[PDB]
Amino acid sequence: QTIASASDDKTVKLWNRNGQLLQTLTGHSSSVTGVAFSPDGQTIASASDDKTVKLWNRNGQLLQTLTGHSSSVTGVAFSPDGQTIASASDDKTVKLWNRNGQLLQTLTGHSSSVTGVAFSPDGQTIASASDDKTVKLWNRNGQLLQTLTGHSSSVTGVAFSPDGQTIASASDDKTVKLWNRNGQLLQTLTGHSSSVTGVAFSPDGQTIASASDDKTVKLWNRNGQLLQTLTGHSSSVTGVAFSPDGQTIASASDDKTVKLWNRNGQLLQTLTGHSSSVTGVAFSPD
């Protein structure tokens, strides 16, 4: 029932499905690059080029600042149990933190910026995307488990399926790739005409959504067959998310809006109010 949007205007905004602006989270000193909700939906985390993650409540109160990366933070995620936060950074690391802001681990191994991060559904694997053209899988002790190789250019985003067996990656090489947890390449999804900027799984695991600089969202089945292309944004699409009931898709764009869509490609709502590019979007667990 609540949508969060991240923006180059240095804020997060919270909205309802009817299009009302509920709250603006103000306090980062540079662009906000991604956003996530805790599993209980009551805490929001934001990632920023000001090199921090910030934690907020729905009244807009700043609750905590996570300081420790040496360059921009590019993405943030909560573990399924809510106890651990993961952050991705241009400083080439992922950091793991507890909810009070203390650093637990630094995951070292990528050779270029880390662009996104995700947890497996069982909470036991972390996946990271990088400009070094790989996804890496790690445990919560920081040990490297696998390196997923095969993209020809930067990897911009990564997602787990709800059943924790399949990984999806998005890339500047204009494809999404699907993988197993052993690092094997299963499928390449081709069809976008420019960089793919983000990827997500539907909650039933049957559908993949991709966002692209080609101004569209595309929806795909598990065999990599293109189902549907969502057209309407007027500038690059920078991220995509599914609602928990899987009946709504949200897209973020450099055209400064979020758009909400249903499963048949109809446009439901356009959320207007950010003064710069929208860089990411998330749904609360309800």
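One rule holds for the numbers: they count along the sequence shown, beginning at 1.
Higher mean CA B-factor, judged across 155 to 163 and 74 to 82 from the recorded values: 155 to 163.
For the two regions 189 to 197 and 84 to 92, the entry's Cα B-factors average higher over 189 to 197. Comparing the listed residues 234, 52, 238, 221, the entry records the largest Cα B-factor for 221.
When the Cα B-factors of 176, 145, 114, 135 are read from the PDB record, 145 comes out highest. Residue 56: CA B factor in the lowest third of modelled residues in this chain (values from the PDB entry). Residue 17: CA B factor in the highest third of modelled residues in this chain (values from the PDB entry). In the PDB entry, a CA B factor belonging to the lowest third of its chain's modelled residues is recorded for residue 34. Ranked by Cα temperature factor within the chain, residue 120 sits in the highest third according to the deposited record. Looking at the C-alpha B-factors along this chain, the one for residue 275 belongs to the middle third.
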